[PDB]
Amino acid sequence: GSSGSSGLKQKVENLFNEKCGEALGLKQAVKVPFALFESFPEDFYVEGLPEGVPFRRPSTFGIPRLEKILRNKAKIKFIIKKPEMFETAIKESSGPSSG
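Residues numbered from 1 in each chain as written, not as in the entry; some residues may be left out. Heavy atoms only, no water.

Asks: Please explain the packing of helix α1 (residues 7-24) against helix α3 (residues 63-71) as it appears in this structure.
Replies: When two helices pack together, their arrangement is given by the angle between the helix axes and by the axis-to-axis distance. Closest axis-to-axis distance for the α1/α3 pair is 10 Å, and the angle between their directions is 30 degrees. The orientation of α1 with respect to α3, classified from their angle, is roughly parallel. Between α1 and α3 the crossing geometry is left-handed. Between α1 and α3, the contacting residues are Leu8, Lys9, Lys11, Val12, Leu15 and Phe16 on the first element and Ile63, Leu66, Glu67, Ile69 and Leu70 on the second. (Axes fitted to C-alpha atoms, helices over the stretch in contact; angles between N-to-C directions. Helix = DSSP H or I, 4+ residues; strand = E, 2+ residues; numbered from the N terminus. Parallel < 35°, antiparallel > 145°, perpendicular 65-115°, else oblique. Left-handed = near helix turned anticlockwise from the far one by under 90°. Contact = heavy atoms within 4.5 Å.)

Now the structure itself:
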């Protein structure tokens, strides 16, 4: 046996995705446009995150570090300064609804 976490990763996954959508004021999940945060960090960023726990991908953190996040899944918050730039993402995304 050599792999590591599994569910947590997924769990934290939806977490972010969700928060994202919620950030825009949606009731669904929206692929976290990390890029937007990577290209425009001085506009988009997640807050509430735990100490020594950045808003990086969940497909890297540890088993504990993963929980550390979830633990504060209510404290975590997404700050969107330029939501008009997110529409593209929300538009790009297809999900279970090809429109």
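Now, onward.
Asks: What should I look at first to understand the layout of surface pockets in this one?
Replies: Using a probe with the size of a water molecule, rolled over the atoms, empty space left in the structure can be pinpointed. Estimated volume of the largest pocket: approximately 230 Å³. Surrounding the largest pocket, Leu26, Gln28, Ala29, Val30, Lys31, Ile90, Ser93, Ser94, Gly95, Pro96 and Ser97 form its lining. By volume, the second largest pocket is sized at about 190 Å³. Considering the residues around the second largest pocket, the lining is formed by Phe34, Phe37, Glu38, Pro41, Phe44, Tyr45, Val46, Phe55, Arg56 and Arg57. Contributions of two or more residues to the lining of the second largest pocket are made by α2 (34-39) and β1 (44-47). The residue makeup of the lining of the second largest pocket, split by class, is seven nonpolar, no polar and three charged. (1 Å grid on protein atoms, 1.4 Å probe; cavity = no way out; pocket = protein on both sides within 12 Å on 5 of 7 lines; lining within 4 Å. Points joined across faces, edges and corners; volume = space filled by probe spheres on them. Nonpolar A, V, L, I, M, F, W, Y, C, P; charged D, E, K, R; others polar.)

These figures capture arrangement, not role.
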